[PDB]
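For reference, the chain that follows is the form deposited without adenosine-5'-diphosphate, supplied as structure tokens.
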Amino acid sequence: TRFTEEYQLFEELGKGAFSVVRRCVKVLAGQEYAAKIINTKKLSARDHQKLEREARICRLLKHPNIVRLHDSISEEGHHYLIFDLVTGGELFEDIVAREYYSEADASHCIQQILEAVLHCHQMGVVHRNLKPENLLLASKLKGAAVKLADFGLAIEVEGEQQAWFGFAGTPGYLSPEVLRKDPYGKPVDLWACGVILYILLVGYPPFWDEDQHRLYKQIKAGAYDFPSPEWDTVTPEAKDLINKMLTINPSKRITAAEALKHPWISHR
């Protein structure tokens, strides 16, 4: 098919199961991209589903804080996902290696996360798997933009209509509604944003236990706090936002729009 003839393959960029990604060049255009090479038939029945989903849903999102898919392509026993090239790594690498972010830079960070997420919800897409590992930095530059990635677990919703889309995502960042087989929708992303914002500011998550059972219990209960000392110097509006995001009833939980208006993110 098209990939072999249009795209020239370069260095090894990253790995992830039966899918090596490489820097590639659309030769005629000259422009360079990240091309996710994926083994076909080494993959499972469910994996091909999550691939169509990824392809379809990414080919829906035009935003500077969402990694753009430029071309989904299938050939002999290999599928090709062509993305915006990004060399700033995961937001996880950067948090880990900087302990935490200042309020200034945490606000600047979750702002971009909130706008990406809002475009997502405007095109009726819910991501269900926001986390520092699934957020990428444009380049190694200071100030480099934050680009939302990995839509393998993303789902399309119809208007503001809620439903059981299955138990899917990541133990730490999962919403209470999901933990209670409740019909869920747009708001599960905000819960996830809350968790990220807490991490951002102190460098650890609000909910965590060595026993999944106890982790899901405290998540379900909204059982987080803002410990001393670290949390003592932190503006009470920053905390406010996190309450409004880690609100436990998704009805009265804050939206992506409401949040981008909040004084902790807006005046910035």
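One rule holds for the numbers: they count along the sequence shown, beginning at 1.
**Student:** Mean CA B-factor: is it higher for 137-145 or for 116-124?
**Tutor:** Taking the mean C-alpha B-factor of 137-145 and of 116-124, the larger value falls to 137-145.
**Student:** Taking only the CA atoms, which stretch has the higher mean B-factor in the record, 207-215 or 43-51?
**Tutor:** That would be 43-51.
**Student:** Hey, out of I242, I66, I199, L60, whose CA B-factor is highest in the deposited coordinates?
**Tutor:** In the PDB entry, the greatest C-alpha B-factor among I242, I66, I199, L60 is found at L60.
**Student:** State the tercile, meaning the lowest, middle or highest third, of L246 with respect to the CA B-factors recorded for its chain.
**Tutor:** It belongs to the middle third of the chain when residues are ordered by C-alpha B-factor.
**Student:** Using only modelled residues of the chain, where does the Cα B factor of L190 rank: lowest third, middle third or highest third?
**Tutor:** Lowest third.
**Student:** When the deposited Cα B-factors of this chain's modelled residues are ordered and cut into thirds, is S72 in the lowest, the middle or the highest one?
**Tutor:** Middle third by C-alpha B-factor.
**Student:** Please rank the C-alpha B-factors of the chain's modelled residues and tell me whether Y100 sits in the lowest, middle or highest third.
**Tutor:** Highest third.
**Student:** Comparing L28 with the other modelled residues of its chain, is its CA B-factor in the lowest, middle or highest third?
**Tutor:** It belongs to the highest third of the chain when residues are ordered by C-alpha B-factor.
Omitted from view is the form deposited with adenosine-5'-diphosphate bound, to which the following refers.
**Student:** Is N134 close enough to adenosine-5'-diphosphate in the bound PDB entry to count, meaning some heavy atom within 4.5 Å?
**Tutor:** Because a heavy atom of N134 falls inside 4.5 Å of adenosine-5'-diphosphate in the bound PDB entry, the answer is yes.
**Student:** Is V21 part of the interface with adenosine-5'-diphosphate in the bound PDB entry - any heavy atom within 4.5 Å?
**Tutor:** Yes, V21 is a contact residue.
**Student:** Using 4.5 Å between non-hydrogen atoms, is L241 touching adenosine-5'-diphosphate in the bound PDB entry?
**Tutor:** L241: no, not in contact with adenosine-5'-diphosphate in the bound PDB entry.
**Student:** Any of the heavy atoms of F83 lying within 4.5 Å of adenosine-5'-diphosphate in the bound PDB entry?
**Tutor:** Flag for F83 set to yes.
**Student:** Work out which of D71, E90, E75, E156 lies within 4.5 Å of adenosine-5'-diphosphate in the bound PDB entry, going by heavy atoms.
**Tutor:** That would be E90.
**Student:** Go through 126-134, 160-168, 180-188, 193-201 and give me the stretch that gets within 4.5 Å of adenosine-5'-diphosphate in the bound PDB entry, heavy atoms only.
**Tutor:** Single hit among the candidates: 126-134.
**Student:** Using a 4.5 Å cut-off on any heavy atom, which residues of 1-36 would contact adenosine-5'-diphosphate in the bound PDB entry?
**Tutor:** Read in sequence order, the residues that approach adenosine-5'-diphosphate (within 4.5 Å, in the bound PDB entry) are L13, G14, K15, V21, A34.
**Student:** Could you say if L28 and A144 end up in a single rigid part, given the chain moves as two rigid parts between this form and the one not shown?
**Tutor:** When each C-alpha is assigned to the better-fitting superposition, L28 and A144 land in different parts.
**Student:** What direction does the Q212-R46 Cα distance move in the bound PDB entry compared with the shown chain, closer or farther, given a change of 3 Å or more?
**Tutor:** Relative to this form, farther apart in the bound PDB entry.
**Student:** Could you tell me whether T170 and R46 have their C-alpha atoms closer or farther apart in the bound PDB entry than in the shown form, knowing the shift is 3 angstroms or more?
**Tutor:** Farther apart, which means the C-alphas of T170 and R46 are at least 3 Å more distant in the bound PDB entry.
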